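Read through the structure below, which is laid out as structure tokens, and then see the notes.
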Amino acid sequence: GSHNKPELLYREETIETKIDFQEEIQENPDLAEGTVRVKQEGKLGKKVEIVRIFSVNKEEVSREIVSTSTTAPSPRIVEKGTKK
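Counting in the entry's author numbering, the sequence shown runs from 1 upward without gaps.
So, in structure tokens, the structure goes:
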């Protein structure tokens, strides 16, 4: 019970969490033995969560999610030349 003039506030916040990716190395007979060639570049993703904070009289009441969006990570794939 905040002891002041009632006031409705809507504080919106954006949460961004980086998403880790996996790594895998595969053999490629088509390449010369020892050859290193990246098939897929390793990149981090991001989970975005936008929320709205409802406060009344400088006093937090409740929260509600405005919008979310998840960017998928990019696992890193590297080819290794061989003789098979």
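All C-beta atoms, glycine included, are put in the ideal place defined by N, C-alpha and C.
Contact check for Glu24 and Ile77: beta-carbon distance about 5 Å, within the 8 Å limit, so the pair qualifies. With a cutoff of 9 Å on beta-carbon distance, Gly45 and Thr82 are scored as not near each other. Assigned with DSSP and collapsed to three states, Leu44 falls in coil, not helix or strand.
Annotation: the continuous beta strand (DSSP E) that includes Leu9 extends over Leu8 to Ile19. CA-to-CA, the gap between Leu8 and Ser74 works out to about 42 Å. Counting only the Cα atoms, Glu60 lies some 10 Å from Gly1.
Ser67: member of the beta strand (DSSP E) spanning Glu60 to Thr71, first to last residue. Judged by beta-carbon spacing, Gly34 lies within the 9 Å limit of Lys80, meaning their Cβ atoms are closer than that value.
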